[PDB]
Amino acid sequence: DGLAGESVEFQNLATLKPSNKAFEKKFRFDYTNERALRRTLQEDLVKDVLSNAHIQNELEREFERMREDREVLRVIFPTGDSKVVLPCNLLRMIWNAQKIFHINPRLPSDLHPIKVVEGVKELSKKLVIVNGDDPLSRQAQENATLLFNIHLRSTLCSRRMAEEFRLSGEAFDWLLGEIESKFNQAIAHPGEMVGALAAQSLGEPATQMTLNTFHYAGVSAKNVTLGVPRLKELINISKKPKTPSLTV
Amino acid sequence: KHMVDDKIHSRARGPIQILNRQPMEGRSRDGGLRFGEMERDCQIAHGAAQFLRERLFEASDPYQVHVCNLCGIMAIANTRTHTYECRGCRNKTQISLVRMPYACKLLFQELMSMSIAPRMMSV
Amino acid sequence: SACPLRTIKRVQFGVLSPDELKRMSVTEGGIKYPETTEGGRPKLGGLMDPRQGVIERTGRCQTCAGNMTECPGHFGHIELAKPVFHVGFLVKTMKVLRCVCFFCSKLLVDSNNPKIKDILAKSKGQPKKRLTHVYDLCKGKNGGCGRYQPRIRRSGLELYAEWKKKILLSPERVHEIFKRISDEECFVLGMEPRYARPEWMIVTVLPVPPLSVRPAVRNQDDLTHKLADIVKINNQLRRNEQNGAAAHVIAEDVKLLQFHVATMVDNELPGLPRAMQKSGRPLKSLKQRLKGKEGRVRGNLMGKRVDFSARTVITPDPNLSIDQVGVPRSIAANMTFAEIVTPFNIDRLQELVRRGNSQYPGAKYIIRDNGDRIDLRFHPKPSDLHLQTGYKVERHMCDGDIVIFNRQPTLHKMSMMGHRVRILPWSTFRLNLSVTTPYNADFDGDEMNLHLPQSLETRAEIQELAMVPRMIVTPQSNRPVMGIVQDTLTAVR
Amino acid sequence: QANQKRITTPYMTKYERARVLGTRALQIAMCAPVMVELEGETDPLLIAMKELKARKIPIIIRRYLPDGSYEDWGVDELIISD
Amino acid sequence: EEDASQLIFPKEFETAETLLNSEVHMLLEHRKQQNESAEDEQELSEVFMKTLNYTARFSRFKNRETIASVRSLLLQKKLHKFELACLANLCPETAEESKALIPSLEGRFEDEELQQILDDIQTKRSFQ
Amino acid sequence: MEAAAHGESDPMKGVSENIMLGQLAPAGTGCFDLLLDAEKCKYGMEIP
Amino acid sequence: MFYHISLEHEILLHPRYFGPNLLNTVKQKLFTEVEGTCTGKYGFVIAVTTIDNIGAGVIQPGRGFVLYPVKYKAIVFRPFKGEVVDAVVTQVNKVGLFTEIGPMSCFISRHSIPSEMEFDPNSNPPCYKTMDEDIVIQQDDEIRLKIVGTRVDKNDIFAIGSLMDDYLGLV
DNA sequence: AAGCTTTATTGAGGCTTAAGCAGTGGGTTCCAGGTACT
DNA sequence: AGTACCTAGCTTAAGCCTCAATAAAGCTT
RNA sequence: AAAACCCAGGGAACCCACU
Ligand SMILES: [Mg+2]
Ligand SMILES: [Zn+2]
Ligand SMILES: [Zn+2]
Ligand SMILES: [Zn+2]
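Residues numbered from 1 in each chain as written, not as in the entry; some residues may be left out. Chains lettered and ligands numbered in written order. Part of a larger assembly, values for the part shown. Heavy atoms only, no water. Residues with missing side-chain atoms left out of burial classes, pairs and counts.

The deposited coordinates for this entry were obtained by cryo-EM, with a reported resolution of 3.6 Å.

Regarding chain G, the relevant UniProt record gives this comment under Sequence similarities (unreviewed entry): "Belongs to the eukaryotic RPB7/RPC8 RNA polymerase subunit family." Under Subcellular location (unreviewed entry), UniProt gives the following word-for-word description of chain G: "Nucleus". (UniProt positions renumbered as here; feature names shortened; annotations may be inferred.)

As its UniProt record puts it under Subcellular location (unreviewed entry), chain D is described as follows: "Nucleus". Per UniProt, the comment on chain D under Sequence similarities (unreviewed entry) is "Belongs to the archaeal Rpo6/eukaryotic RPB6 RNA polymerase subunit family."

Shown next, in the form of structure tokens:
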């Protein structure tokens, strides 16, 4: 991905592990309801969304991308877990933005949801891992930030922005700048000794992790062998491992 | 028995070994600390290439040797009369000066003693 | 000094040509005397040769004008009577002997072959893989001369040919048969004749390293004793074949000479008796000097002793920042930083110079513009203590200086940090508490190493990279490594 | 390669900044002219950091592409990391 | 190894370009003039004014226009730069003298044409 | 020896070649080279 | 022969001498350090015509100065083997003949001087002349000499002339 | 002559052997002995 | 007699030993 | 006799400690 290992944090993918109805209930941003729009947005913005159908079409299109993203994540993560490392802690910065701008989220918010969709799309263009314009670089850029963009859309969708976050227009503008600035700081620096860093990153834990933590049974019948010798058998390709095994 | 005055020692360009122009060993002979292999690896990981060069060459054993440009073997140089000739080649004009540690010069020397030519080309 | 300063872009490894070795040698007549010195003075042509290098301090080289420090040493050569193959290249020699025709000295593989052209097409730049393909291809032939494959077996060290008659095979026989392989013929086997030629693998002239390699302290080196055996036996062969020609003393002394030169390179021959000295200690050969963990590559080139370093026990101290280390005064009064004289600090540095050494904040070395050092601990005349812009002052380290602070074993990159120097009275390294966790040093008698970056440029390199605030978060597990020590943690809870 | 084909990262990464600071403080310590108006300092490293914040270091950095090519970025042209 | 009598030159002086005594004289005089101006500059080397006086004493073409005429006259004949420069500097008067001073001119040009070239040189030689 | 027997070369593009040869390795803070600007030196004033 | 070639040399600039005008300092450095010098390969460095190219300034790692590769047109002269060159006689000796070609001192020994061209110290100027007193080579004369060989010592070249071949001697 | 049989034949499975095996200080002992010749 | 001169396991490639298809060679009907 | 001791020219093996 081209991201250095210092400026990343454990984050939770909200798009992963809802039900289909739960996913739609939490992300679709149903614009048909009157009172919900009245409570969340200011009245000038409420009639703007209700009157125009182009905005409604765009809000439907971004949800289409989320279902596409939801399928992609489930293919990437067959296991039902979402604890993944990503550079920008989006939830914290949103919470950071809330306290900076004194949201008072009881009042209806005042940012146009079309600004959220347009701001996210512009932000995704600004986050560049691979330069160039040819489709080979475009695919690499898409694949480099595929996971981050899915998480970026999920946390900064129109429904959660107007319902559970309720940032302001200036706060959202600050949020986009902060995310862009922090993502550029997490880019791997050309010239980092990754090989030396990775080698120490594996050998340092090798001292702490026991030579024979597997003296005990481990799996009741199997002798897992996990330990320095198991690490050794992987570092040098041993054609005669101490305990070969299968998982049928 | 492990008191601190028996263990404290510092050094700045103290006595230098005779086999290779490196610092002594042990504080009894005013020896210096050894910047071992893992220390070199850690300074690579830090990316502090200039500090690594300083430690391993400038602060340990700086040395210079004259090598002719054609053949990668060290030549003979009279710095008093400024005569720089490579016996075997006799070029006397295409000869270069390099700054390389005395340990590396020694190593190349017994490599030549093994009939091996570490021909250094500066071009 | 007239030679331009250059950097080594590439180094090419090849065997020394015997003709090349002779001409580069400084011992023109060759080492013909087993003696070390003659009547208290170095004997020309002996083991210690004045042309070879500088013998003692306050002396000059006879080849160059070296002062025992600027003299790199000059090689000599030993024209031994009968050619000898030496160890190491023997395994490669045997493979070459298999590939080449024993009698016709031909490639034995008929390079006019699409199989070999396929191999050459595959082998563009890999010499060892090219030689492998051919060795497997060589198999068995007897192909052109007829009955020309003698199985070449190696008994002990000496290798002997054996048809299905067995005869011990002379090293000079190897030299004669490698003389015939052509240039492109060598390129098929993966040796460039411009750099490596098979006939050069047989050592027909032995290089003796200069005095810089083997030292003398009156007392001779272990390598010197072995070279004494080489020239003692070499002179024996030279006189035996000069007039004796017994054809049997030669048959044994050549083997004895072969053993000695072989052991000089590699001591631990697996099946051959280790060489011995009069003291009873096995002699350290050149290969033994390099292969060990205490050898040259690892023990001297990779990890070496360094000046400007201190080592003492650490004691905890919570009254200073995490980037500050409390070094003792005596260490600070013995460790110097080279500060450049500029008009900004010319007055401050002048104040340090007049203090001199043993006046803690002062200095001990002052360097002129031409690299001339003047000591300050011996009180020279005040006339040369003047300072102008351009001088160097090696002043004792003061507060705020940057040091590298590491603990063996250095496992990860947080085992070696840069700290700011604080001067405290007692004779220990006072460092902060949260720095313990990355170091794994629990003050139970642990002693620490402190390195000082001597140049100004490397000082900024550490300050922008190796300061402890800049590696609070690890890259291995994207989490902080400093943390809070136990006593603060329990008290804050 | 011209400025149209200038593909390296516009940000001054930490190794480049660390070496620029060292090589500029070394020059300042050797009586090089100072690019920025100093308010009175003796440590040349602080002067180099001040120049870094002023983006007035008279150094062009040559970034070697792994293929053999190289780009020439100005210090003022590079975006400072901090 | 080198011999200009049959035009054997080292590989280094293959792209070299020759100059006249008068061309060198005028170039050195211009450089001396710029040395007179552009203050805070020390005097030039001993070789500088040594060669300047050497080429001023042996100057044969007092005019830069004469220099241009000699070049436009001599370049279009098949002459090597060394032969052309030596002919224009030594200024022989007889074809035998020109062939003896420069033995690499044997058969390059007809002796009548060579004598005509020498007569042209003498015509454009700035007399004193 | 095997490199010497095969006449091998070494581009020294790695790290430890420069380390043992004592020259600066291309391992970060040294992966690049620095060029002194000509124009920016004109804009700087001389300190007293 | 007086040659106009392009030569490459590296100039070293300390930061103390950077100044507001940097390239003029490099020009002065080049105009000082190669002028009047002599190389065994290219001969006498007579003058630098025009500084052609100034290369990129590579700051030496660790050490302070910057490095400038410089290409420049230069007027040079190198003596050859086998050419007749005009010369000015500086001294006539019983052993040889001291002649001058620009900055180069040339020694024409008498054994390489024909038998007719004899030495006479009886004349007020010690000079070379024949018995017919037709060719008189004395102090401050304009002659032509046949360069046989050149020797370089202490970074300058001196040569040996001869008068064996025809049309050699006083002009 | 197409097929069977033999016989090298040639690539493909089984046995010994080097060669490596984390970092810095402090003390002790030993480095010729044996003959030979005055 | 004193002294100077001579003489504990490991692993893995790697070379080495043996064994079964197979086409050339010559019989075979 | 700059007697600028600007302050070691010994190595090897073994054992014992500390992390
Ligand atoms: Mg401890
Ligand atoms: Zn040479
Ligand atoms: Zn020497
Ligand atoms: Zn044959």
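Peer 1: Residue-level account of the domain arrangement of chain G, with values.
Peer 2: Residue and element names in this part refer to chain G. Assigned domains of chain G: these are domain 1 (1-80) and domain 2 (81-171). Between domain 1 and domain 2, the C-alpha centre-to-centre distance is 36 Å. With seven residues of domain 1 at the interface, the matching set in domain 2 holds eleven residues. Among the elements of the structure, β2 (38-39) and β3 (43-54) are those that each provide at least two residues to the side of domain 1 that touches domain 2. (Domains from an automatic or database assignment. Contact = heavy atoms within 4.5 Å. Helix = DSSP H or I, 4+ residues; strand = E, 2+ residues; numbered from the N terminus.)

Peer 1: Before we move on, could you go through the interface of chain G and chain F and cite the residues and values that matter?
Peer 2: Listed as interface residues are twelve residues of chain G and, on the opposing side, eight residues of chain F. Interface of chain G and chain F: buried area, both sides summed, is about 800 Å²; carbon and sulfur atoms make up 72% of it. For the pair chain G and chain F, the number of links is zero salt bridges. For the interface between chain G and chain F, the tally reads two residue pairs in polar contact. Of all elements in the fold, only β4 (58-59) and β5 (66-77) of chain G reach the threshold of two or more residues within the side of chain G that touches chain F. (Buried area = accessible area lost by both parts, 1.4 Å probe. Salt bridge = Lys/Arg side-chain N within 4 Å of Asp/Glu carboxyl O. Polar contact = N/O pair within 3.5 Å; in protein donor to acceptor, adjacent residues only side chain to side chain.)

Peer 1: Can you explain the interface of chain C and chain B? Please cite residues and give values.
Peer 2: On the chain B side, the residues contacting the 100 residues of chain C number 81 residues. For the pair chain C and chain B, the summed buried surface comes to about 8400 Å²; carbon and sulfur atoms form 56% of the total. In this structure, the connection of chain C to chain B is made through six salt bridges. Here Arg13 of chain B makes a salt bridge to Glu394 of chain C, at a shortest N to O gap of 3.3 Å.

Peer 1: With reference to specific residues and values, describe the protein's contact with RNA strand J.
Peer 2: Taken together, 16 residues form the shell around RNA strand J, and within it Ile16 of chain B together with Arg57, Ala216, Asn219 and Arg407 of chain C come nearest. Sugar plus phosphate, as a fraction of atoms of RNA strand J within 4 Å of the protein: 55%. For RNA strand J, a base nitrogen lies 2.6 Å from a polar atom in the backbone of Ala216 of chain C. The separation between a sugar or linking oxygen of RNA strand J and a polar side-chain atom of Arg407 of chain C is 2.4 Å. Per-class residue counts for the surface near RNA strand J are seven nonpolar, three polar and six charged. (Near = heavy atom within 4 Å. Nonpolar A, V, L, I, M, F, W, Y, C, P; charged D, E, K, R; others polar.)

Peer 1: Just give me the short version of the pattern of salt bridges, but keep the residues and values in it.
Peer 2: A complete count under the given rule lists 58 salt bridges over all chains for this structure. The partner of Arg29 of chain B in a salt bridge is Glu25 of chain B, and the shortest N-O contact between them spans 3.7 Å. Look at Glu25 of chain B and you get partly exposed, because its relative accessible area is 41%. For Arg31 of chain E, the salt bridge goes to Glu35 of chain G, with nearest N and O atoms at 2.6 Å. (Buried < 20%, exposed > 50% of the residue type's maximum accessible area, 1.4 Å probe, protein only.)

Peer 1: I'd like a rundown of the sheet that holds strand β7 (residues 158-162) of chain C, residues and numbers included.
Peer 2: All names here are of chain C. Strand order in the open sheet formed by three strands is β6-β7-β8, and the pairing between neighbours is antiparallel. Of all strands in the sheet, those with a lone pairing partner are β6 (151-155) and β8 (166-168), marking the two edges. Taking the axes of each pair of neighbouring strands and ignoring which way they run, one obtains an average angle of 30 degrees across the sheet. In the sheet, β7 pairs with β8 via three bridges, with the strands oriented antiparallel. Along β8, the bridge assignment pairs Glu162 with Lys166. Where helix α2 (residues 89-99) meets the sheet, it contacts β6 and β7, and its direction lies at approximately 165 degrees from that of β6. (Pairing = 2+ DSSP bridges. Axes fitted to C-alpha atoms, helices over the stretch in contact; angles between N-to-C directions.)

Peer 1: Go over the coordination of the zinc ion (ligand 2), please, and point to the residues and values.
Peer 2: Each angle at a metal carrying four tetrahedral donors should ideally be 109.5 degrees, and each at a metal carrying six octahedral donors should ideally be 90 or 180 degrees. Residues and elements named next belong to chain B. Of the protein atoms, only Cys68 (SG), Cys71 (SG) and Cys86 (SG) coordinate the zinc ion (ligand 2), at distances of 2.3 Å. Between consecutive donors of the zinc ion (ligand 2), the numbers of intervening residues give the motif C-x2-C-x14-C. Judged by relative accessible area, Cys68 falls into the buried class, the value being 1%. (Donors = N, O, S within 2.8 Å, 3.2 Å for Na, K, Ca; no water.)

Peer 1: Could you give me a rundown of the arrangement of the chains, with the residues and numbers involved?
Peer 2: Counting contacts across all 15 pairs of chains that touch, the top pair turns out to be chains B and C. Spatially, chain D and chain E are disjoint, and the shortest separation between their C-alpha atoms is 20 Å.

Peer 1: Quick rundown of the state of the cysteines? Include the residues and the values.
Peer 2: Two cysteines joined by a covalent bond between their sulfur atoms form a disulfide. Residues and elements named next belong to chain A. What the rule picks out here adds up to zero disulfides over all chains. In this structure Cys88 is not part of a disulfide, and its nearest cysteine sulfur, from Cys157, lies 18 Å away. The class for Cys157 is buried, based on a relative accessible area of 1%. (Disulfide = S-S within 2.5 Å.)

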